[PDB]
file entry_33.pdb (PDB, C-alpha atoms (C1' of nucleotides))
ATOM      1  CA  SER I   1      18.224  29.619 -21.664  1.00  0.00           C
ATOM      2  CA  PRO I   2      14.803  28.205 -20.705  1.00  0.00           C
ATOM      3  CA  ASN I   3      12.235  27.433 -23.397  1.00  0.00           C
ATOM      4  CA  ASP I   4      14.769  25.284 -25.242  1.00  0.00           C
ATOM      5  CA  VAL I   5      14.955  21.748 -26.639  1.00  0.00           C
ATOM      6  CA  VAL I   6      17.902  19.402 -26.051  1.00  0.00           C
ATOM      7  CA  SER I   7      18.404  15.772 -27.051  1.00  0.00           C
ATOM      8  CA  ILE I   8      21.036  13.123 -27.727  1.00  0.00           C
ATOM      9  CA  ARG I   9      22.631  12.829 -31.176  1.00  0.00           C
ATOM     10  CA  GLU I  10      20.563  11.201 -33.928  1.00  0.00           C
ATOM     11  CA  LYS I  11      22.844   8.137 -34.250  1.00  0.00           C
ATOM     12  CA  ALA I  12      22.854   7.003 -30.602  1.00  0.00           C
ATOM     13  CA  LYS I  13      19.193   6.625 -29.545  1.00  0.00           C
ATOM     14  CA  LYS I  14      19.270   2.804 -29.815  1.00  0.00           C
ATOM     15  CA  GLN I  15      22.064   2.388 -27.254  1.00  0.00           C
ATOM     16  CA  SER I  16      21.842   0.445 -24.021  1.00  0.00           C
ATOM     17  CA  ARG I  17      22.995   3.562 -22.156  1.00  0.00           C
ATOM     18  CA  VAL I  18      20.386   5.869 -23.686  1.00  0.00           C
ATOM     19  CA  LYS I  19      17.428   3.480 -23.411  1.00  0.00           C
ATOM     20  CA  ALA I  20      18.421   2.529 -19.857  1.00  0.00           C
ATOM     21  CA  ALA I  21      18.886   6.125 -18.686  1.00  0.00           C
ATOM     22  CA  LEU I  22      15.661   7.300 -20.314  1.00  0.00           C
ATOM     23  CA  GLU I  23      13.652   4.464 -18.760  1.00  0.00           C
ATOM     24  CA  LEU I  24      15.333   5.410 -15.480  1.00  0.00           C
ATOM     25  CA  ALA I  25      14.192   9.025 -15.801  1.00  0.00           C
ATOM     26  CA  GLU I  26      10.732   7.656 -16.585  1.00  0.00           C
ATOM     27  CA  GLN I  27      10.915   5.722 -13.312  1.00  0.00           C
ATOM     28  CA  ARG I  28      11.953   8.819 -11.324  1.00  0.00           C
ATOM     29  CA  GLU I  29       9.791  11.797 -10.372  1.00  0.00           C
ATOM     30  CA  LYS I  30       8.343  13.257 -13.569  1.00  0.00           C
ATOM     31  CA  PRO I  31       8.920  17.039 -13.660  1.00  0.00           C
ATOM     32  CA  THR I  32       5.917  19.187 -14.502  1.00  0.00           C
ATOM     33  CA  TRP I  33       8.412  21.970 -15.303  1.00  0.00           C
ATOM     34  CA  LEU I  34      10.460  19.945 -17.836  1.00  0.00           C
ATOM     35  CA  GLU I  35       8.637  18.181 -20.661  1.00  0.00           C
ATOM     36  CA  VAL I  36      10.620  14.936 -20.800  1.00  0.00           C
ATOM     37  CA  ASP I  37      10.093  13.024 -24.050  1.00  0.00           C
ATOM     38  CA  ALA I  38      11.179   9.436 -23.413  1.00  0.00           C
ATOM     39  CA  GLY I  39       9.993   8.382 -26.860  1.00  0.00           C
ATOM     40  CA  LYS I  40      11.602  11.421 -28.453  1.00  0.00           C
ATOM     41  CA  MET I  41      14.494  10.914 -25.998  1.00  0.00           C
ATOM     42  CA  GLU I  42      14.854  14.597 -25.182  1.00  0.00           C
ATOM     43  CA  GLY I  43      13.883  17.436 -22.879  1.00  0.00           C
ATOM     44  CA  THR I  44      12.099  20.736 -23.489  1.00  0.00           C
ATOM     45  CA  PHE I  45      12.423  23.351 -20.745  1.00  0.00           C
ATOM     46  CA  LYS I  46      10.175  26.395 -20.308  1.00  0.00           C
ATOM     47  CA  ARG I  47      11.112  28.196 -17.074  1.00  0.00           C
ATOM     48  CA  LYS I  48      13.092  27.484 -13.924  1.00  0.00           C
ATOM     49  CA  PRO I  49      10.884  26.047 -11.149  1.00  0.00           C
ATOM     50  CA  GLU I  50       9.745  28.562  -8.543  1.00  0.00           C
ATOM     51  CA  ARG I  51       9.531  28.213  -4.743  1.00  0.00           C
ATOM     52  CA  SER I  52       6.890  25.488  -5.112  1.00  0.00           C
ATOM     53  CA  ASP I  53       8.762  22.743  -6.980  1.00  0.00           C
ATOM     54  CA  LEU I  54      12.108  22.374  -5.158  1.00  0.00           C
ATOM     55  CA  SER I  55      13.443  20.587  -2.080  1.00  0.00           C
ATOM     56  CA  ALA I  56      12.059  21.540   1.335  1.00  0.00           C
ATOM     57  CA  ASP I  57      15.005  20.454   3.542  1.00  0.00           C
ATOM     58  CA  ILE I  58      17.590  22.927   2.239  1.00  0.00           C
ATOM     59  CA  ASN I  59      19.077  26.297   3.208  1.00  0.00           C
ATOM     60  CA  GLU I  60      19.816  29.211   0.874  1.00  0.00           C
ATOM     61  CA  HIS I  61      18.939  32.355   2.851  1.00  0.00           C
ATOM     62  CA  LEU I  62      21.545  31.163   5.353  1.00  0.00           C
ATOM     63  CA  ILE I  63      24.008  30.620   2.495  1.00  0.00           C
ATOM     64  CA  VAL I  64      23.138  34.093   1.195  1.00  0.00           C
ATOM     65  CA  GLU I  65      23.847  35.636   4.597  1.00  0.00           C
ATOM     66  CA  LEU I  66      27.111  33.687   4.822  1.00  0.00           C
ATOM     67  CA  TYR I  67      28.172  34.909   1.366  1.00  0.00           C
ATOM     68  CA  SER I  68      26.931  38.469   2.015  1.00  0.00           C
ATOM     69  CA  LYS I  69      27.949  39.129   5.636  1.00  0.00           C
TER      70      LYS I  69
ATOM     71  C1'   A F   1     -64.323 -30.701  29.449  1.00  0.00           C
ATOM     72  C1'   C F   2     -59.197 -32.349  30.531  1.00  0.00           C
ATOM     73  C1'   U F   3     -50.997 -32.085  26.729  1.00  0.00           C
ATOM     74  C1'   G F   4     -50.113 -25.592  26.626  1.00  0.00           C
ATOM     75  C1'   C F   5     -48.882 -19.193  32.526  1.00  0.00           C
ATOM     76  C1'   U F   6     -42.949 -14.786  31.898  1.00  0.00           C
ATOM     77  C1'   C F   7     -37.039 -18.459  31.487  1.00  0.00           C
ATOM     78  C1'   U F   8     -36.897 -11.411  32.886  1.00  0.00           C
ATOM     79  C1'   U F   9     -33.163  -5.578  27.964  1.00  0.00           C
ATOM     80  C1'   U F  10     -28.303  -9.934  21.698  1.00  0.00           C
ATOM     81  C1'   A F  11     -22.586 -12.473  18.901  1.00  0.00           C
ATOM     82  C1'   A F  12     -18.938 -12.118  23.912  1.00  0.00           C
ATOM     83  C1'   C F  13     -10.306 -11.894  22.368  1.00  0.00           C
ATOM     84  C1'   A F  14      -7.131 -14.862  18.612  1.00  0.00           C
ATOM     85  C1'   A F  15      -3.095 -12.401  18.654  1.00  0.00           C
ATOM     86  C1'   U F  16       3.493 -14.039  22.412  1.00  0.00           C
ATOM     87  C1'   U F  17       9.596 -14.514  23.425  1.00  0.00           C
ATOM     88  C1'   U F  18      16.934 -10.864  20.532  1.00  0.00           C
ATOM     89  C1'   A F  19      15.922  -6.806  19.754  1.00  0.00           C
ATOM     90  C1'   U F  20      14.896  -3.372  15.171  1.00  0.00           C
ATOM     91  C1'   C F  21      16.312   2.659  15.105  1.00  0.00           C
ATOM     92  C1'   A F  22      13.266  -0.131  10.559  1.00  0.00           C
ATOM     93  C1'   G F  23      17.127  -1.623   7.920  1.00  0.00           C
ATOM     94  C1'   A F  24      16.997  -1.826 -13.446  1.00  0.00           C
ATOM     95  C1'   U F  25      12.088  -5.127 -16.789  1.00  0.00           C
ATOM     96  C1'   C F  26       6.901  -2.253 -19.029  1.00  0.00           C
ATOM     97  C1'   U F  27       9.612  -4.462 -27.583  1.00  0.00           C
ATOM     98  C1'   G F  28       8.598  -7.271 -32.487  1.00  0.00           C
ATOM     99  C1'   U F  29       5.601 -11.040 -36.612  1.00  0.00           C
ATOM    100  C1'   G F  30      12.769 -11.821 -40.627  1.00  0.00           C
ATOM    101  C1'   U F  31      11.730 -17.242 -41.658  1.00  0.00           C
ATOM    102  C1'   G F  32      11.997 -22.464 -42.498  1.00  0.00           C
ATOM    103  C1'   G F  33       5.867 -24.237 -39.361  1.00  0.00           C
ATOM    104  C1'   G F  34       0.482 -22.636 -40.520  1.00  0.00           C
ATOM    105  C1'   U F  35      -1.409 -41.669 -49.520  1.00  0.00           C
ATOM    106  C1'   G F  36       2.103 -45.959 -48.018  1.00  0.00           C
ATOM    107  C1'   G F  37       3.093 -51.148 -45.953  1.00  0.00           C
ATOM    108  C1'   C F  38       2.386 -56.070 -47.184  1.00  0.00           C
ATOM    109  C1'   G F  39       0.911 -60.154 -49.984  1.00  0.00           C
ATOM    110  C1'   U F  40       0.101 -62.355 -54.754  1.00  0.00           C
ATOM    111  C1'   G F  41       0.690 -62.711 -59.786  1.00  0.00           C
ATOM    112  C1'   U F  42       3.065 -61.576 -64.449  1.00  0.00           C
ATOM    113  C1'   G F  43       6.984 -60.311 -67.338  1.00  0.00           C
ATOM    114  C1'   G F  44      11.978 -59.022 -68.128  1.00  0.00           C
ATOM    115  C1'   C F  45      17.161 -59.679 -67.725  1.00  0.00           C
TER     116        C F  45
END
call {"tool": "encode", "arguments": {"input": "entry_33.pdb", "output": "structure tokens"}}
result
Amino acid sequence: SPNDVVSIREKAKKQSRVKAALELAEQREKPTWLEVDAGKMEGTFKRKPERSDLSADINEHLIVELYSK
RNA sequence: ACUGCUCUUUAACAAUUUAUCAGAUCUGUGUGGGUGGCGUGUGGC
């Protein structure tokens, strides 16, 4: 459920994998809808992004009509 | 007095030869690191 905190286990935050992947997320597009804590190595989510913050080259109404025809 | 009478609406371009569909790293202050050469002399064994 949104408004939740998730992280990696407390004994694995010095890894090459974790540091690399977190720096990678830092180098990607930073979500305003997901508070990413690259120092705390975690994510806190509040609410799913609305019509404004998603991809604009995608079809879902067509998928809805294909699944509902 | 006694060389001196319009000339006519502002700078005035270099770029150049297959060729394409563009084609992860943003760290430390753990620490070693912050007088002799020669000569001469004496004496000893």
call {"tool": "resolve_selection", "arguments": {"input": "entry_33.pdb", "expression": "the PyMOL selection byres ((chain F) within 12 of (chain I))", "output": "PyMOL selection string"}}
result
chain F and resi 24-27
call {"tool": "resolve_selection", "arguments": {"input": "entry_33.pdb", "expression": "the PyMOL selection byres ((chain I and resi 51-65) around 9)", "output": "ChimeraX atom specification"}}
result
/I:31-33,49-50,66-69
call {"tool": "write_last_selection", "arguments": {"input": "entry_33.pdb", "atoms": "C-alpha atoms", "output": "PDB file, in the frame of the given file"}}
result
ATOM      1  CA  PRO I  31       8.920  17.039 -13.660  1.00  0.00           C
ATOM      2  CA  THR I  32       5.917  19.187 -14.502  1.00  0.00           C
ATOM      3  CA  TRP I  33       8.412  21.970 -15.303  1.00  0.00           C
ATOM      4  CA  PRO I  49      10.884  26.047 -11.149  1.00  0.00           C
ATOM      5  CA  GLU I  50       9.745  28.562  -8.543  1.00  0.00           C
ATOM      6  CA  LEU I  66      27.111  33.687   4.822  1.00  0.00           C
ATOM      7  CA  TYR I  67      28.172  34.909   1.366  1.00  0.00           C
ATOM      8  CA  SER I  68      26.931  38.469   2.015  1.00  0.00           C
ATOM      9  CA  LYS I  69      27.949  39.129   5.636  1.00  0.00           C
TER      10      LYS I  69
END
call {"tool": "atom_distance", "arguments": {"input": "entry_33.pdb", "atom1": "CA of residue 5 (chain I)", "atom2": "CA of residue 44 (chain I)"}}
result
4.4 Å
call {"tool": "residues_around", "arguments": {"input": "entry_33.pdb", "residues": "residue 35 (chain I)", "least_positions_apart": "5", "cutoff": "10 Å", "atoms": "all atoms listed in the file", "output": "number ranges by chain"}}
result
I: 5, 30, 42-46
call {"tool": "residues_around", "arguments": {"input": "entry_33.pdb", "residues": "residue 13 (chain I)", "least_positions_apart": "5", "cutoff": "12 Å", "atoms": "only C-alpha atoms (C1' of nucleotides)", "output": "list in words"}}
result
residues 7, 8, 18, 19, 20, 21, 22, 38, 39, 40, 41 and 42 of chain I
call {"tool": "atom_distance", "arguments": {"input": "entry_33.pdb", "atom1": "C1' of residue 30 (chain F)", "atom2": "CA of residue 12 (chain I)"}}
result
23.6 Å
call {"tool": "atom_distance", "arguments": {"input": "entry_33.pdb", "atom1": "CA of residue 11 (chain I)", "atom2": "CA of residue 47 (chain I)"}}
result
28.9 Å
